[PDB]
Protein chains: 2
Amino acid sequence: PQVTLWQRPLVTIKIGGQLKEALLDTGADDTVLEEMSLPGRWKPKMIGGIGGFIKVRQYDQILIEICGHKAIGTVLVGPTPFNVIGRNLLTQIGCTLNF
Amino acid sequence: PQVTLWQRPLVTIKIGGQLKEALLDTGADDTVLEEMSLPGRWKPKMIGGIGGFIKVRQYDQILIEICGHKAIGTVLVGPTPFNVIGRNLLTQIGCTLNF
Ligand SMILES: O=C1N(Cc2ccc(CO)cc2)[C@H](Cc2ccccc2)[C@H](O)[C@@H](O)[C@@H](Cc2ccccc2)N1Cc1ccc(CO)cc1
């Protein structure tokens, strides 16, 4: 749909059998989810944000359904205050900025 | 214009007589700029991010021009690694997202 930005742009995702809400986030390069059960292998890493760095686990190749579109990608799981969908998935879903 | 998200969506801003680049960031409610000299006076404020929180100072009713577009609003100046344009200014330049 279009999304105006008068409100936080939130979306429903399904990942790992579970339903969550997530913020559409053009300023983020990667997707970062609050701590969640995912099956599998993962490799740790750090990301920095505004505020310092977190240590996060990266899982590659995770299927997310976002709104109702499907994507496979890397997601990072860690101590974020909100789930963010970053540009690595935004580009799969077809998301564009318009002004 | 329309901006796809294969690369970081940067724009040039003009703010307080200085030219800078910033990320159009849908995830951020407000605009946070790296430290720079701005006139007026300000209030101490604290925002949270990934990583944690920073003390910023808030200036309100500053004019910023983002592409050719003027907007006036609150800008937080402080320890961000990257100048971030958030939703408070994005709505004024008529930015939407679309998928
Ligand atoms: O740290 C934030 N990252 C950091 C970030 C970096 C990398 C990834 C994964 O690759 C994910 C998130 C982004 C801004 C930023 C970009 C580049 C360098 C440094 C910072 C993001 O784009 C912004 O949306 C929120 C993400 C967020 C969303 C909801 C809740 C917490 C964090 N933030 C924090 C932020 C908070 C408030 C304001 C102003 O109100 C601005 C930014």
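Residues numbered from 1 in each chain as written, not as in the entry; some residues may be left out. Chains lettered and ligands numbered in written order. Heavy atoms only, no water.

What the deposited record gives as its method is X-ray crystallography, and the resolution it gives is 1.9 Å.

Named according to the PDB entry, chain A is HIV-1 PROTEASE originating from Human immunodeficiency virus 1.

As a further point, take the overall build of chain A. Along its length, chain A carries one helix and nine strands. Listed by position from the N terminus, the elements making up chain A come as β-β-β-β-β-β-β-β-α-β. Relative to the compact-globule value of 13 Å for 99 residues, chain A shows a C-alpha radius of gyration of 13 Å, a close match. The dimensions of chain A, computed from C-alpha atoms along their principal axes, are 35 × 30 × 20 Å. Of the contacts made within chain A by residues no fewer than 6 positions apart, 49% connect residues no fewer than 24 positions apart. Here chain A displays about 4800 Å² of accessible surface, and carbon together with sulfur accounts for 53% of that area. Charge separation in chain A, taken as the distance between the mean sites of 10 positive and 8 negative side-chain charges, equals 5 Å. (Helix = DSSP H or I, 4+ residues; strand = E, 2+ residues; numbered from the N terminus. Rg over C-alpha atoms; globule rule 2.2 N^0.38 Å. Contact = heavy atoms within 4.5 Å. Areas by Shrake-Rupley, 256 points an atom, 1.4 Å probe, with all protein chains shown as cover. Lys, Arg positive; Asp, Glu negative; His and termini not counted. Charge placed at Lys NZ, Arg CZ, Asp CG, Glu CD.)

With that settled, the discussion passes to the packing of aromatic side chains. How two aromatic rings sit relative to each other is set out by the distance from centre to centre and by the angle between their planes. This structure, assessed with the given rule, holds zero aromatic pairs over all chains. The ring of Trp42 of chain A carries the charged tip of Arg57 of chain A above its face, separated from the ring centre by 5.2 Å. (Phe/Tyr/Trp six-rings, centres within 6.5 Å; stacked < 30°, edge-to-face > 60°. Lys NZ or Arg CZ within 6 Å of the ring centre and 35° of its normal.)

Let us now look at the site of the ligand. Surrounding the ligand, one finds 23 residues, the nearest of these being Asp25, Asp30 and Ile50 of chain A together with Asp30 and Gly48 of chain B. For the ligand, an oxygen atom lies 3.1 Å from a polar atom in the side chain of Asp25 of chain B. At 3.4 Å, a backbone N or O of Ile50 of chain B approaches an oxygen atom of the ligand. Judged by the proximity of its atoms to the pocket grid, the ligand belongs to the largest pocket. (Near = heavy atom within 4 Å. Polar contact = N/O pair within 3.5 Å; in protein donor to acceptor, adjacent residues only side chain to side chain. 1 Å grid on protein atoms, 1.4 Å probe; cavity = no way out; pocket = protein on both sides within 12 Å on 5 of 7 lines; lining within 4 Å. Sits in = over half its atoms within 2 Å of the grid points.)

Residues and elements named next belong to chain B. Both strand β2 (residues 10–15) and strand β3 (residues 18–24) contribute to a ladder of six bridges, which runs antiparallel. Looking across to β3, one finds that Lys14 is bridged to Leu19. With antiparallel pairing between neighbouring strands as the criterion, β2 and β3 make up a hairpin whose turn holds two residues, including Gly16 at a positive phi of roughly 55°. Bridge count for β3 against strand β8 (residues 84–85) is two bridges, and the pairing is parallel. (Pairing = 2+ DSSP bridges.)

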